[PDB]
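K.L.:
Below you'll find data-v3.cif; it's mmCIF, C-alpha atoms and all ligand atoms.
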data_target
#
loop_
_atom_site.label_atom_id
_atom_site.label_comp_id
_atom_site.auth_asym_id
_atom_site.auth_seq_id
_atom_site.Cartn_x
_atom_site.Cartn_y
_atom_site.Cartn_z
CA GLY A 3590 23.28 6.72 8.94
CA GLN A 3591 22.97 4.14 6.18
CA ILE A 3592 19.15 4.25 5.86
CA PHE A 3593 17.42 7.60 5.29
CA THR A 3594 15.74 9.14 8.28
CA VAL A 3595 12.17 10.31 7.53
CA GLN A 3596 13.50 13.88 7.15
CA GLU A 3597 16.25 12.74 4.71
CA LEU A 3598 13.71 10.75 2.69
CA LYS A 3599 11.45 13.79 2.44
CA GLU A 3600 14.38 16.09 1.42
CA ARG A 3601 15.45 13.60 -1.31
CA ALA A 3602 11.85 13.35 -2.59
CA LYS A 3603 11.76 17.19 -2.74
CA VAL A 3604 14.91 17.32 -4.90
CA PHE A 3605 13.28 14.98 -7.40
CA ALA A 3606 9.84 16.58 -7.15
CA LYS A 3607 11.12 20.12 -7.92
CA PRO A 3608 11.45 19.86 -11.73
CA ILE A 3609 8.25 17.77 -12.03
CA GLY A 3610 6.31 20.48 -10.22
CA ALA A 3611 7.75 23.18 -12.48
CA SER A 3612 6.50 21.23 -15.55
CA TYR A 3613 3.10 20.65 -13.95
CA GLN A 3614 2.69 24.40 -13.34
CA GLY A 3615 3.18 24.99 -17.06
CA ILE A 3616 0.32 22.57 -17.76
CA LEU A 3617 -1.95 24.40 -15.31
CA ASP A 3618 -1.13 27.73 -16.94
CA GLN A 3619 -1.92 26.35 -20.41
CA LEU A 3620 -5.17 24.82 -19.17
CA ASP A 3621 -6.36 28.20 -17.91
CA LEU A 3622 -5.53 29.65 -21.34
CA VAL A 3623 -7.66 27.01 -23.03
CA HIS A 3624 -10.69 27.86 -20.86
CA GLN A 3625 -10.17 31.60 -21.33
CA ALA A 3626 -9.92 31.33 -25.14
CA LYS A 3627 -12.68 30.98 -27.73
CA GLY A 3628 -12.76 29.87 -31.39
CA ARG A 3629 -9.46 29.50 -33.32
CA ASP A 3630 -7.52 30.66 -30.27
CA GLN A 3631 -8.99 27.89 -28.16
CA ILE A 3632 -8.14 25.27 -30.79
CA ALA A 3633 -4.54 26.50 -30.85
CA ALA A 3634 -4.33 26.56 -27.05
CA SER A 3635 -5.71 23.02 -26.86
CA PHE A 3636 -3.15 21.61 -29.28
CA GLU A 3637 -0.39 23.16 -27.18
CA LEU A 3638 -1.97 21.80 -23.97
CA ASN A 3639 -1.88 18.35 -25.59
CA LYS A 3640 1.85 18.71 -26.37
CA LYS A 3641 2.64 19.94 -22.83
CA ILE A 3642 0.88 16.91 -21.33
CA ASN A 3643 2.60 14.54 -23.71
CA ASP A 3644 6.00 16.08 -22.89
CA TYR A 3645 5.32 15.93 -19.14
CA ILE A 3646 4.28 12.26 -19.22
CA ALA A 3647 7.37 11.41 -21.20
CA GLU A 3648 9.82 13.31 -18.98
CA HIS A 3649 8.18 12.66 -15.58
CA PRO A 3650 6.71 9.11 -15.33
CA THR A 3651 7.78 8.60 -11.72
CA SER A 3652 7.03 10.92 -8.86
CA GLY A 3653 9.77 12.50 -6.70
CA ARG A 3654 8.42 10.40 -3.85
CA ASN A 3655 8.56 7.15 -5.78
CA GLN A 3656 12.11 7.86 -6.97
CA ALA A 3657 13.26 8.43 -3.38
CA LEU A 3658 11.42 5.29 -2.17
CA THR A 3659 13.29 3.16 -4.71
CA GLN A 3660 16.56 4.44 -3.22
CA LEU A 3661 15.27 3.82 0.33
CA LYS A 3662 14.53 0.18 -0.54
CA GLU A 3663 18.09 -0.43 -1.73
CA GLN A 3664 19.41 1.05 1.54
CA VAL A 3665 17.17 -1.26 3.54
CA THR A 3666 17.99 -4.33 1.40
CA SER A 3667 21.69 -3.65 1.94
CA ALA A 3668 21.23 -3.08 5.68
CA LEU A 3669 19.53 -6.51 5.90
CA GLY A 3670 21.51 -8.52 3.32
CA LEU A 3671 20.57 -10.15 -0.03
CA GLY B 3590 -16.93 21.95 -21.13
CA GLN B 3591 -15.73 18.49 -22.11
CA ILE B 3592 -12.29 19.14 -20.43
CA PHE B 3593 -11.34 19.72 -16.74
CA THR B 3594 -10.79 23.22 -15.40
CA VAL B 3595 -7.64 23.75 -13.27
CA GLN B 3596 -9.84 23.44 -10.14
CA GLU B 3597 -11.44 20.20 -11.40
CA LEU B 3598 -8.06 18.76 -12.32
CA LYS B 3599 -6.70 19.55 -8.83
CA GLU B 3600 -9.84 18.01 -7.24
CA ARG B 3601 -9.41 14.80 -9.26
CA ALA B 3602 -5.67 14.58 -8.49
CA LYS B 3603 -6.54 14.86 -4.78
CA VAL B 3604 -9.02 11.94 -4.91
CA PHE B 3605 -6.44 9.68 -6.52
CA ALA B 3606 -3.70 10.94 -4.22
CA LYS B 3607 -5.58 10.19 -0.99
CA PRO B 3608 -4.98 6.37 -0.78
CA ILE B 3609 -1.42 6.78 -2.01
CA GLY B 3610 -0.73 9.31 0.75
CA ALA B 3611 -2.16 6.90 3.31
CA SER B 3612 0.15 4.07 2.16
CA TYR B 3613 3.06 6.52 2.16
CA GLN B 3614 2.35 7.55 5.74
CA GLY B 3615 2.53 3.87 6.66
CA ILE B 3616 6.02 3.71 5.21
CA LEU B 3617 7.04 6.93 7.07
CA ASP B 3618 5.75 5.56 10.37
CA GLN B 3619 7.58 2.26 9.89
CA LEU B 3620 10.79 4.10 8.96
CA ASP B 3621 10.59 6.01 12.25
CA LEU B 3622 10.18 2.62 14.05
CA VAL B 3623 13.34 1.35 12.32
CA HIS B 3624 15.35 4.33 13.64
CA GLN B 3625 13.82 4.20 17.13
CA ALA B 3626 14.56 0.48 17.55
CA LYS B 3627 17.77 -0.98 18.94
CA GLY B 3628 19.33 -4.38 18.16
CA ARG B 3629 16.94 -7.25 17.30
CA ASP B 3630 13.95 -4.89 17.20
CA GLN B 3631 15.66 -2.87 14.42
CA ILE B 3632 16.11 -5.97 12.22
CA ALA B 3633 12.45 -7.01 12.46
CA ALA B 3634 11.28 -3.46 11.77
CA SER B 3635 13.51 -3.27 8.66
CA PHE B 3636 11.99 -6.40 7.16
CA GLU B 3637 8.54 -4.95 7.57
CA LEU B 3638 9.63 -1.61 6.11
CA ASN B 3639 10.88 -3.43 3.04
CA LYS B 3640 7.56 -5.22 2.66
CA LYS B 3641 5.64 -1.95 2.97
CA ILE B 3642 7.83 -0.29 0.27
CA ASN B 3643 7.49 -3.36 -1.96
CA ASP B 3644 3.67 -3.32 -1.58
CA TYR B 3645 3.46 0.40 -2.19
CA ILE B 3646 5.50 0.25 -5.42
CA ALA B 3647 3.20 -2.52 -6.73
CA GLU B 3648 -0.02 -0.79 -5.58
CA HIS B 3649 0.79 2.87 -6.40
CA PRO B 3650 2.97 3.12 -9.55
CA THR B 3651 1.38 6.36 -10.73
CA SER B 3652 0.86 9.54 -8.70
CA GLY B 3653 -2.58 11.09 -8.19
CA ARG B 3654 -1.48 14.00 -10.35
CA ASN B 3655 -0.32 11.73 -13.16
CA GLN B 3656 -3.53 9.70 -13.07
CA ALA B 3657 -5.56 12.95 -13.37
CA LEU B 3658 -3.31 14.27 -16.17
CA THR B 3659 -3.82 11.00 -18.11
CA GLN B 3660 -7.58 11.63 -17.91
CA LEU B 3661 -7.07 15.22 -19.01
CA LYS B 3662 -5.04 14.10 -22.03
CA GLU B 3663 -7.84 11.78 -23.10
CA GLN B 3664 -10.38 14.63 -22.80
CA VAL B 3665 -8.22 16.94 -24.88
CA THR B 3666 -7.46 14.30 -27.55
CA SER B 3667 -11.20 13.48 -27.71
CA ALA B 3668 -12.08 17.18 -28.02
CA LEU B 3669 -9.55 17.65 -30.91
CA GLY B 3670 -10.40 14.39 -32.71
CA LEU B 3671 -6.94 12.88 -32.13
CA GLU B 3672 -6.22 9.24 -31.13
BR BR C 1 4.01 13.54 -9.63
BR BR C 2 3.18 9.72 -5.53
CL CL C 3 6.49 14.70 -7.86
CL CL C 4 0.15 10.93 -5.11
#
So that I can check it, write out the structure of this file as structure tokens.

P.N.:
Amino acid sequence: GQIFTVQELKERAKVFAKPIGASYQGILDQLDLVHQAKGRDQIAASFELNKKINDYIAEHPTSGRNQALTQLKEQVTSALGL
Amino acid sequence: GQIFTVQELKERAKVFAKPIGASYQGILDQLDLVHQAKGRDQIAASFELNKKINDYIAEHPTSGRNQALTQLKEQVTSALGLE
């Protein structure tokens, strides 16, 4: 219908969450590398971890869930009037 | 050492995520009420859904994960002497 069902809301949130999760996994992988490294290697790994976090925060400020919720509100607002 | 391990990061994300997940469940439950209601009951339920969404977006702008990552960044920047 006009307003998402719970299942439709969840499936929309998933679509948006998919690329964010992929980016997050790359951060996790880099974090392990930092802890497994020592000396100059650890310094290098840490700088790259910093960039990955920066890049993630810039590209993914809003969760998949929150993006879908914003769309749900508009559906509800329209179903009610404004 | 001075920065989270992957396990510690996941643990911290989960703590922050817990209240957000609870508010979200409230929205999900109210959305089911909207679809289960007929006529006048559906209108009332929709107003309350809108309020719940509105309150959530004000209360929970940043995911548990993102809150934990922001703390991680600060640890890493501190460790490397960056601002
Ligand atoms: Br997220
Ligand atoms: Br979230
Ligand atoms: Cl997400
Ligand atoms: Cl969350």

K.L.:
Give me, please, the distance in Å between CA of residue 3630 in chain B and CA of residue 3618 in chain B, quoted to one decimal.

P.N.:
14.9 Å

K.L.:
Quick one: of A:3598, A:3646, A:3622, A:3616, who's nearest to ligand BR 1 (chain C), counting only C-alpha atoms and all ligand atoms?

P.N.:
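With only C-alpha atoms and all ligand atoms as the atom set, the closest residue is A:3646.
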
K.L.:
Kindly provide, as a VMD selection string, the polymer residues lying within 12 Å of (7.4, 1.5, 11.8), counting only C-alpha atoms and using the coordinates exactly as they appear in the file.

P.N.:
(chain A and resid 3594 to 3595) or (chain B and resid 3613 to 3626 3630 to 3642)

K.L.:
Taking only C-alpha atoms into account, find every residue of chain A that has an atom no more than 9 Å from chain B, and write it out as a short mmCIF file (atom, residue, chain, number, x, y, z; two decimals) with C-alpha atoms, in the coordinates of the input.

P.N.:
data_model
loop_
_atom_site.label_atom_id
_atom_site.label_comp_id
_atom_site.auth_asym_id
_atom_site.auth_seq_id
_atom_site.Cartn_x
_atom_site.Cartn_y
_atom_site.Cartn_z
CA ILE A 3592 19.15 4.25 5.86
CA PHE A 3593 17.42 7.60 5.29
CA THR A 3594 15.74 9.14 8.28
CA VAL A 3595 12.17 10.31 7.53
CA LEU A 3598 13.71 10.75 2.69
CA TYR A 3613 3.10 20.65 -13.95
CA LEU A 3617 -1.95 24.40 -15.31
CA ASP A 3618 -1.13 27.73 -16.94
CA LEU A 3620 -5.17 24.82 -19.17
CA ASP A 3621 -6.36 28.20 -17.91
CA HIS A 3624 -10.69 27.86 -20.86
CA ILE A 3632 -8.14 25.27 -30.79
CA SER A 3635 -5.71 23.02 -26.86
CA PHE A 3636 -3.15 21.61 -29.28
CA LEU A 3638 -1.97 21.80 -23.97
CA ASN A 3639 -1.88 18.35 -25.59
CA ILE A 3642 0.88 16.91 -21.33
CA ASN A 3643 2.60 14.54 -23.71
CA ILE A 3646 4.28 12.26 -19.22
CA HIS A 3649 8.18 12.66 -15.58
CA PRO A 3650 6.71 9.11 -15.33
CA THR A 3651 7.78 8.60 -11.72
CA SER A 3652 7.03 10.92 -8.86
CA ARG A 3654 8.42 10.40 -3.85
CA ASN A 3655 8.56 7.15 -5.78
CA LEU A 3658 11.42 5.29 -2.17
CA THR A 3659 13.29 3.16 -4.71
CA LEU A 3661 15.27 3.82 0.33
CA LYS A 3662 14.53 0.18 -0.54
CA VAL A 3665 17.17 -1.26 3.54
CA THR A 3666 17.99 -4.33 1.40
CA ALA A 3668 21.23 -3.08 5.68
CA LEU A 3669 19.53 -6.51 5.90
#

K.L.:
Distance CA of residue 3670 in chain A-CA of residue 3648 in chain B, one decimal place?

P.N.:
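Interatomic distance here is 24.5 Å.
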
K.L.:
What gap, in Å, lies between CA of residue 3597 in chain A and CA of residue 3647 in chain A?

P.N.:
27.4 Å

K.L.:
Which chains and residue numbers are within 7 Å of ligand CL 3 (chain C), counting only C-alpha atoms and all ligand atoms, if I want them as an MDAnalysis selection string?

P.N.:
chainID A and resid 3605:3606 3609:3610 3652:3654

K.L.:
Considering all atoms listed in the file, can you say which of A:3648, A:3591, A:3615, A:3603 comes closest to ligand BR 2 (chain C)?

P.N.:
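Using all atoms listed in the file, ligand BR 2 (chain C) sits closest to A:3603.
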
K.L.:
Using all atoms listed in the file, which of B:3628, B:3602, B:3672, B:3611 sits nearest ligand BR 1 (chain C)?

P.N.:
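The answer is B:3602, which sits nearest to ligand BR 1 (chain C).
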
K.L.:
Working from the structure I just supplied, which lacks atoms in range 3657-3668 of chain B, can you model N, CA and C atoms there and output them as a PDB file, in the frame of the given file?

P.N.:
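Result went into rebuild_21.pdb, see below:
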ATOM      1  N   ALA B3657      -4.621  11.887 -12.941  1.00  0.00           N
ATOM      2  CA  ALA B3657      -5.560  12.950 -13.370  1.00  0.00           C
ATOM      3  C   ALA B3657      -5.134  13.554 -14.716  1.00  0.00           C
ATOM      4  N   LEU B3658      -3.837  13.770 -14.883  1.00  0.00           N
ATOM      5  CA  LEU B3658      -3.310  14.270 -16.170  1.00  0.00           C
ATOM      6  C   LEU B3658      -3.583  13.301 -17.344  1.00  0.00           C
ATOM      7  N   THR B3659      -3.522  11.998 -17.086  1.00  0.00           N
ATOM      8  CA  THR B3659      -3.820  11.000 -18.110  1.00  0.00           C
ATOM      9  C   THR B3659      -5.281  11.144 -18.537  1.00  0.00           C
ATOM     10  N   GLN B3660      -6.178  11.401 -17.572  1.00  0.00           N
ATOM     11  CA  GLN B3660      -7.580  11.630 -17.910  1.00  0.00           C
ATOM     12  C   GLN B3660      -7.760  12.934 -18.685  1.00  0.00           C
ATOM     13  N   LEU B3661      -7.029  13.975 -18.293  1.00  0.00           N
ATOM     14  CA  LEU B3661      -7.070  15.220 -19.010  1.00  0.00           C
ATOM     15  C   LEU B3661      -6.639  15.010 -20.467  1.00  0.00           C
ATOM     16  N   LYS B3662      -5.549  14.297 -20.690  1.00  0.00           N
ATOM     17  CA  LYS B3662      -5.040  14.100 -22.030  1.00  0.00           C
ATOM     18  C   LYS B3662      -6.122  13.506 -22.931  1.00  0.00           C
ATOM     19  N   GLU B3663      -6.804  12.504 -22.372  1.00  0.00           N
ATOM     20  CA  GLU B3663      -7.840  11.780 -23.100  1.00  0.00           C
ATOM     21  C   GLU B3663      -8.993  12.715 -23.450  1.00  0.00           C
ATOM     22  N   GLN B3664      -9.335  13.615 -22.532  1.00  0.00           N
ATOM     23  CA  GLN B3664     -10.380  14.630 -22.800  1.00  0.00           C
ATOM     24  C   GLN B3664      -9.976  15.575 -23.917  1.00  0.00           C
ATOM     25  N   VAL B3665      -8.723  15.997 -23.877  1.00  0.00           N
ATOM     26  CA  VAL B3665      -8.220  16.940 -24.880  1.00  0.00           C
ATOM     27  C   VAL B3665      -8.120  16.255 -26.261  1.00  0.00           C
ATOM     28  N   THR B3666      -7.551  15.053 -26.302  1.00  0.00           N
ATOM     29  CA  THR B3666      -7.460  14.300 -27.550  1.00  0.00           C
ATOM     30  C   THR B3666      -8.871  14.050 -28.126  1.00  0.00           C
ATOM     31  N   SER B3667      -9.822  13.694 -27.267  1.00  0.00           N
ATOM     32  CA  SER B3667     -11.200  13.480 -27.710  1.00  0.00           C
ATOM     33  C   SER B3667     -11.798  14.768 -28.280  1.00  0.00           C
ATOM     34  N   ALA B3668     -11.558  15.882 -27.593  1.00  0.00           N
ATOM     35  CA  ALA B3668     -12.080  17.180 -28.020  1.00  0.00           C
ATOM     36  C   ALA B3668     -11.509  17.623 -29.391  1.00  0.00           C
TER      37      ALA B3668
END
